[PDB]
């Protein structure tokens, strides 16, 4: 079953969020992907959040740009851990996204990742690490992936041209 869901405020966010999905593909982690907007589909957001647990989601990755309300609104309607990804906005280069996601008041948390593509990928990795706590196989695949990343740098110490 899909233990993790990736949601975003707009299809225009996909160019960023696609990197979260990429991680799940590499790690062979079943995942759900959907466009859910707190501003354009508020009712759907509520139904989505309310049914998150019953649908089997253990982690929810939500991405949005500008005045991002999606991550926080979902977190306010469910106990499923919510990780937020600040999409890089045009004018404020994601600073508004970042602040509107991370500065949650006491009581309703949202684990925030870096602005942009790096954050999208990291949100998937973090969600995967959360799942790995109770999934020996995934935990193993995660370990292998990290090893591969490290070794790639280790076997290529000199950045200068050959």
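Residue numbers count along the first chain shown, from 1.
S.K.: Output the stretch having the higher mean C-alpha B factor in the entry; the candidates are 98-106 and 39-47.
M.R.: That would be 39-47.
S.K.: Where do the C-alpha atoms have the higher mean temperature factor in this entry, in 122-130 or in 52-60?
M.R.: Between 122-130 and 52-60, it is 52-60.
S.K.: Would the CA B-factor of residue 28 place it in the lowest, middle or highest third of its chain?
M.R.: Its C-alpha B-factor belongs to the highest third of this chain's values.
S.K.: Can you tell me which third, lowest, middle or highest, the CA B-factor of residue 21 falls into for its chain?
M.R.: Residue 21: CA B-factor falls in the middle third of its chain.
S.K.: Using the B-factor values recorded in the entry, state whether the Cα atom of residue 2 falls in the lowest, middle or highest third among the modelled residues of its chain.
M.R.: Ranked within chain, residue 2 CA B lands in the highest tercile.
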